[PDB]
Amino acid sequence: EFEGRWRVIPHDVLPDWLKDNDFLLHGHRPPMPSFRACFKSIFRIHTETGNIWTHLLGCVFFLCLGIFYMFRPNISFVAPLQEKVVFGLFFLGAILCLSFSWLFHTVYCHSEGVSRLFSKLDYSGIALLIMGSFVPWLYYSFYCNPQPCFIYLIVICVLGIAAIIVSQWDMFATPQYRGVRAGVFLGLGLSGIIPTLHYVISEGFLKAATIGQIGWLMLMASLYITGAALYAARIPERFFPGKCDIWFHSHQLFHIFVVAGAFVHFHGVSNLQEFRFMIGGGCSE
């Protein structure tokens, strides 16, 4: 249609609020103050296409996974109501994170003020994915140790809310704070080292390794490090400027890594409930 027509522009002609990654030389959407043109742009080829679909698709994948999990027969749970509530909080944080991300990446080029509002929601979503993911994990690890379980939930909440309050700062969105952003979220996620150490110094090195928790927590740590390292350093567009504009740039890979990370985190706590279901809800040991 001949309505709301636009062409991709090079980086140097973008306004300062749109300039973010200088290694993405061309394929930029121009400032378009129309949500009609913004949502319509989803079907077009530009820097944001990959960022958008990885989290638009990821959002509906987790929406389906979330619904399918709530309709699981209550036979397969020890406490089906509270066990569905902890899984629900993870899926909730996972859906909100992806929703805010694909929405931000879509409306990004609307206004300087629209991008300021949705960028704050984009950062807030990440913190919600991290807090929500801890909920089922602490519930299963510290099952017959309720007192420490609830303490760690207060800790991650206070750190998660501090992350949300810091992401509402204007200087946080500036490209000079790319590493600060990666560090704030990386530290929040890596704070799981505290309950992990408690788990291994209470249940032992044998029980933590036999159940797979150690090997699984190492893979998660790797995804956090590799995802932050890529995002902060801008690899590989730093090495091939102008060659990774539409595909495989650091932000797009980090997006892929979020849905991949959230899926393997679900697989971990999914095996933690399967294991608890076999042993029962009792406290014999």
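Numbers for residues come from their place in the sequence shown, where the first is 1.
- Higher mean CA temperature factor between 254-262 and 63-71: 63-71, per the PDB entry.
- Taking the PDB entry as given, 217-225 carries the higher mean Cα B factor of the two stretches 22-30 and 217-225.
- For the set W102, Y143, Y108, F90, the PDB entry assigns the largest Cα B-factor to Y143.
- Taking the deposited Cα B-factors for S115, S124, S191, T210, the highest one is held by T210.
- In the deposited entry, the Cα temperature factor of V86 places it in the middle third of its chain's modelled residues.
- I201: CA B factor lies in the highest third for its chain, per the PDB record.
- Sorting the modelled residues of the chain by their CA temperature factor places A173 in the highest third.
- When all modelled residues of the chain are sorted by CA temperature factor, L98 is found within the lowest third.
- The entry lists a Cα temperature factor for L128 that places it in the lowest third of the chain's modelled residues.
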